[PDB]
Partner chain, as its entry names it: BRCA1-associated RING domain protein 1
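Given next, in structure tokens, is a single chain: the form solved without its partner chain.
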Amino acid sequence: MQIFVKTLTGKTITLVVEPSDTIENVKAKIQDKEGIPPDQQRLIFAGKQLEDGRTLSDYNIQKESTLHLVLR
């Protein structure tokens, strides 16, 4: 399973993930890729604000889903 995270500059991050991965896990991956602090990261999928403790599956994030790093 793979998901795409678009940075604030529109750069695409490709991540290998599992359905039970938490948002917090995803943030750790983004930090490895881009050097962005987890506490600086705010993610959206389908207009939903994503919380650290919830899983990709909780938010119906599927194979090939695209998340955005946002300011708000």
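Positions refer to the first chain, counted from 1.
Novice: Mean Cα B factor from the PDB record: higher for 57-65, or higher for 18-26?
Specialist: So the stretch with the higher mean C-alpha B-factor is 57-65.
Novice: Comparing residue 70 with the other modelled residues of its chain, is its CA B-factor in the lowest, middle or highest third?
Specialist: It belongs to the highest third of the chain when residues are ordered by C-alpha B-factor.
Novice: Hey, what third does residue 31 fall into on Cα B-factor, ranked over its chain?
Specialist: Within its chain, residue 31 is a lowest-third residue by C-alpha B-factor, going by the deposited values.
Novice: Select lowest, middle or highest to describe the third in which the CA B-factor of residue 5 falls within its chain in this entry.
Specialist: According to the entry, residue 5 has a C-alpha B-factor in the chain's middle third.
Beyond the structure shown, there is the form deposited with its partner chain bound, which is absent from this document and is the topic of what follows.
Novice: For the stretch 52-69, which residues lie within 4.5 Å of its partner chain in the deposited complex by non-hydrogen atom distance?
Specialist: Residues within 4.5 Å: 60, 62, 63, 64, 65, 66.
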